[PDB]
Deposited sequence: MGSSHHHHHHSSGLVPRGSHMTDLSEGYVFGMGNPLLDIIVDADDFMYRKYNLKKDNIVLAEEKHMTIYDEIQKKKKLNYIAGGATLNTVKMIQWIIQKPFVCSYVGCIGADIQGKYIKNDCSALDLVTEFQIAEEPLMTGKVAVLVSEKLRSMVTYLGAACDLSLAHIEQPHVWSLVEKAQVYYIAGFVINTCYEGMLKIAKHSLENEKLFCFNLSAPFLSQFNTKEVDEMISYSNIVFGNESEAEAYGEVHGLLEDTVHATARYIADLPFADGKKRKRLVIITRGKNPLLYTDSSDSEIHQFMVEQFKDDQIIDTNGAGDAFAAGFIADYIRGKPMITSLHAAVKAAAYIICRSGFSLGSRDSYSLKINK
């Protein structure tokens, strides 16, 4: 694989992990394994957890996690590229330097001060409260820059999470149109149930440019519900997404993979009339769907773009998620300790 073969664009966020008290979940009305965008009623959570001791700071972002692990798996330096918007703060410096350590080529945009780098309150006891911050300032102007668009041009594989719809939809759309036009591999993730509910137009449009669509059970149920797929919603959703017309009208295979936690994941394509089950490895009160979901995408892509068949890539996907599960959160340790 050549340098900058894989391109990613998303929201560069700093994960603030803290052992949360029981009242925290009731106080801010947080559910299990869920992600919510920080509203006004949530804003006090960031000062509240900052008083806590033993705070752990990890470079996050759905797309960034996937891309940097793909880079980590392939081992060859500078194969992956990433674009996002951080703030002019120490948090942005932490994220930037964490990418350079992994030999990840980046072209970060710096938001206008005092807009700080986005952050995610990770309350473990595991719920997430997300303040996008500077990640919102990601603009088409920064992307259309010569030294930035060069990374898009040189890439043959793209990964963009659905989260980027809230921040820079116009940017991800332009990259998607580029990918389909040049017959490249565009990989898309449903990311969160609320995206299919409140941004249905954006999701379906992105699907029309996607060669591979990632998602989980809850995202599929929300997507199928908003599309009127009532009976056998999950199975109907995978079929619906797989069979949607591509935006250029050309006939090609779109792959759809739906994770279902500890239960068998589903996969199918446009030319496949059957929806296949895939048995997944069991763990100790943990699952493939979640942090691990981003790793699942990374593990699948890292092998699939290197010629590995569907089944083999799925095992590589489970392997990648199992690695993140075995560790505390999304942190990439020694490469030789990955087998």
property: Regions left out of the model, expressed as runs of the deposited sequence counted from 1; result: 1-23, 149-151, 317-318, 368-372
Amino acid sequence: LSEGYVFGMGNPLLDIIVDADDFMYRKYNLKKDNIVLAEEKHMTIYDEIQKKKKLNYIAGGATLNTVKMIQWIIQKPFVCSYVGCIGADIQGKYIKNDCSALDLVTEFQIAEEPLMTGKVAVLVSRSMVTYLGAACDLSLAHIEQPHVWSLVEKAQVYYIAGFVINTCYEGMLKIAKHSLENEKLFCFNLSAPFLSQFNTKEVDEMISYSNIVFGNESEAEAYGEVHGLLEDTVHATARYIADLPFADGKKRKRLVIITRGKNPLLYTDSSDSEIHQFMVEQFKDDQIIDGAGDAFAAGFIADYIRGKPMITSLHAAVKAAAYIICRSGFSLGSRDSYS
From here on, numbers count along this sequence of modelled residues.
query	finding
Mean Cα B-factor comparison, 243-251 or 142-150, giving the higher one as deposited	142-150
Residue stretch of maximal mean CA temperature factor, 12-20 vs 326-334	326-334
Residue, from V67, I45, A302, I289, that the PDB entry assigns the highest Cα B-factor	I289
Per the PDB entry, maximal CA B factor within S100, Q156, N189, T167	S100
Among modelled residues of the same chain, the CA temperature factor third for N211	lowest
Assigned third (lowest, middle, highest) for the C-alpha B factor of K76	highest
Chain thirds of CA B-factor: placement of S125	highest
Chain-wide C-alpha B factor ranking for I258, given as lowest, middle or highest third	lowest
Modelled-residue ranking by C-alpha temperature factor, third containing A295	lowest
